[PDB]
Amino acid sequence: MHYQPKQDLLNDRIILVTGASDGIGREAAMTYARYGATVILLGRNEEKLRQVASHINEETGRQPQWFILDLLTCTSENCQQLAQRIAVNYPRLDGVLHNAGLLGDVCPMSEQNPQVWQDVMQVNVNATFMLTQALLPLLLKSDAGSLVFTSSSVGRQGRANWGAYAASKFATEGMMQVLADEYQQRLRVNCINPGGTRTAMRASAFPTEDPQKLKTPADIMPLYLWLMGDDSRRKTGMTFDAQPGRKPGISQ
């Protein structure tokens, strides 16, 4: 998506980003900030969140708040305590970008490791679900709350060596549609499939690949920017692609 907006586009918007410590999440949080947003960072590692908060401070003069939450093991209650902690400092939430993710094994189903498989379901689906349940209220208390999940090409068509991850992204799509058709004109709820992007995790699943050939988290930010502003205030229940017509695979 080509999309060129005012650096005040998100001026009075409170937006929580998961997986904000790295890759696309770090990028999205920094970009939201740079466009006015009052961003909240979520991750497991505090030092990594300190780093990110500090850079947003350098870039914008306001320092974002971070909260720690480990999706692999957090409980429903853990998620409610979080929402409560948030609630004191913020009147509401205008946006939630679910970006935290676990890849897990890329390998044949025969070799796919079950603990890892389950770890992937837990982070990508279950905890992602529980956190969105704990955050649903704060969001509903927005002029027009925007909720986006992170999908993938193997969340629309499963390919040979993808495993827990393909299954988890399908579930993400499903989960988005149930929420979308359920919050009819109360919230926007969509997925973005970012596409192959230059991050450590794309490296890990494609070591052959030359990252210089890949597009960059900054390169795909337009879509992220769109789904969060007002230019999208009527669109819900959809799955947007960041690199339309890049098509599956490695070389590119």
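When you see a residue number, it is the position in the sequence shown, counting from 1.
Checklist entry - On average, are the C-alpha B-factors higher in 133-141 or in 95-103? => result That would be 133-141.
Checklist entry - Which is higher on average in the deposited entry, the C-alpha temperature factors of 82-90 or of 109-117? => result The stretch with the larger mean CA B-factor is 82-90.
Item to check | Highest recorded Cα temperature factor - choice among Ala29, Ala53, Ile192, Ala205 | outcome: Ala205 has the highest C-alpha B-factor of those listed.
Next on the checklist: Ranking the modelled residues of this chain by C-alpha B-factor as given in the entry, is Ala160 in the lowest, middle or highest third?
Outcome noted: Its C-alpha B-factor belongs to the highest third of this chain's values.
Next on the checklist: Splitting the chain's C-alpha B-factors into thirds, which one does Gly43 fall into?
Outcome noted: Lowest third, going by the recorded CA B-factors of the chain.
Checklist entry - Relative to the other modelled residues in the chain, which third contains the C-alpha temperature factor of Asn57: lowest, middle or highest? => result It falls in the middle third of the chain.
Item to check | Modelled-residue ranking by C-alpha temperature factor, third containing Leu69 | outcome: It belongs to the lowest third of the chain when residues are ordered by C-alpha B-factor.
Next on the checklist: Taking only the Cα B-factors deposited for this chain, tell me whether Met201 sits in the lowest, middle or highest third.
Outcome noted: It belongs to the highest third of the chain when residues are ordered by C-alpha B-factor.
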